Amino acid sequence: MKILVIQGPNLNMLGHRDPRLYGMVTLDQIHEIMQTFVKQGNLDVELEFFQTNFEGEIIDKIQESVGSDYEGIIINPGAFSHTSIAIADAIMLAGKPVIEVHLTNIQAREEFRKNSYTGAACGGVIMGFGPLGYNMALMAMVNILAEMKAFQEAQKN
């Protein structure tokens, strides 16, 4: 399975600013960690990574996964989680599993971060585990996809 990993605004600045809620691990490092979770679990999973500060590039990227070779999306829309009805609408039209990840616990910060329009549109949401949350999402995605295919095996029969 090809799994698309989408990283929203300012996530490329990880490990260069703000080790209060963020630590000192970089975005590339998290992606390396995801890669070795796949490698070593021996999962038939090809990860593709995409980071952007543009809401429209996120929407473009989600729309291009439709009818593509991608079976699922792992997304951290960053600040756009709280504001982007348009990303939420793209998610609802994706026709495939989408898991939202947050590094931080968005229930425990400013009032303006508590709402997630994107999260409400995703099947599941993970927050507050830092980098590990992405490994959690990979484990879930693999199980969701296995379960979906095995359901559609015994489906026709």
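Here the rigid core means the biggest group of C-alpha atoms that line up within 1.5 Å when the two forms are laid on top of each other. All residue numbers are counted from 1 along the displayed sequence.
**Q** In 7 other deposited structures of this protein, superposed by the rigid core, which stretch departs further from the shown form in CA positions, 47-55 or 64-72?
**A** Of 47-55 and 64-72, the stretch deviating more in 7 other deposited structures of this protein is 64-72.
**Q** Would you tell me which stretch averages the higher CA B-factor in the PDB entry, 54-62 or 38-46?
**A** It is 38-46 that shows the higher mean C-alpha B-factor.
**Q** Averaging C-alpha B-factors over each stretch, which comes out higher, 140-148 or 13-21?
**A** The stretch with the larger average C-alpha B-factor is 13-21.
**Q** Between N115, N105, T118, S68, which carries the biggest CA temperature factor in the record?
**A** Answer, based on the entry's C-alpha B-factors: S68.
**Q** Sorting the chain's CA B-factors, does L4 end up in the lowest, middle or highest third?
**A** As the PDB entry reports it, the C-alpha B-factor of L4 lands in the middle third of its chain.
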